[PDB]
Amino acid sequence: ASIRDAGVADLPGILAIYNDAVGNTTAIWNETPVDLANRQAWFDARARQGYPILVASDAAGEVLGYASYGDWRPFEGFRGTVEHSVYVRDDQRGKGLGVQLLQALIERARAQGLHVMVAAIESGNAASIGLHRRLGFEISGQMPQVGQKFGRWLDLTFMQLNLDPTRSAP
């Protein structure tokens, strides 16, 4: 699959994947679906911040998956740190796309001179933690019952990857 920046024409495909995640998974901790205007606003905001929105596709040109990153925390002191999110279309799982999209984000982040990429993972997702681990992430936080979905408390696991370890200062 090819990976590249998203265009406005990829937004309805992205919308479908997203609304789908929020109502049937613990991958996204929102329960309310959004509309196209909402994603168009998100698309423009990422553009002003210089943050990428990547799309996995092929010859057919359909959105098989997407990924992006943005502010981890809203303060000037965290500008060297970003948090990512990756989503694969449901008929496309088990094909290694998630790893492809995450690796692409890491390359864009590194190229932009960012220092750390953070991952927030539902603690029960052992496979997701294992995949992030193989890519260089290390667990830096384990926070009990800070979230909730489908009527139950959720635990969050924080993982991080230092994009440039030899950089003694910003």
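Start at 1 with the first residue shown and count on from there.
Can you tell me which stretch has the higher mean Cα B-factor, 128 to 136 or 54 to 62?
Stretch with the higher mean C-alpha B-factor: 54 to 62.
Per the entry, where is the mean C-alpha temperature factor higher: 22 to 30 or 108 to 116?
Stretch with the higher mean C-alpha B-factor: 22 to 30.
Return the residue from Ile121, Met143, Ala37, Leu101 that has the highest Cα B-factor in the entry.
Max CA B-factor in the entry, restricted to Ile121, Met143, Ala37, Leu101: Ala37.
Grab the CA temperature factor for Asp91 from the record and place it in the lowest, middle or highest third of its chain.
CA B-factor rank for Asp91: highest third.
Compared with the other modelled residues in the chain, in which third is the CA B-factor of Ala1?
Highest third, going by the recorded CA B-factors of the chain.
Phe150 by Cα B-factor - lowest, middle or highest third of the modelled chain:
Ranked within chain, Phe150 CA B lands in the highest tercile.
What third of its chain's C-alpha B-factors does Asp71 belong to: lowest, middle or highest?
It belongs to the middle third of the chain when residues are ordered by C-alpha B-factor.
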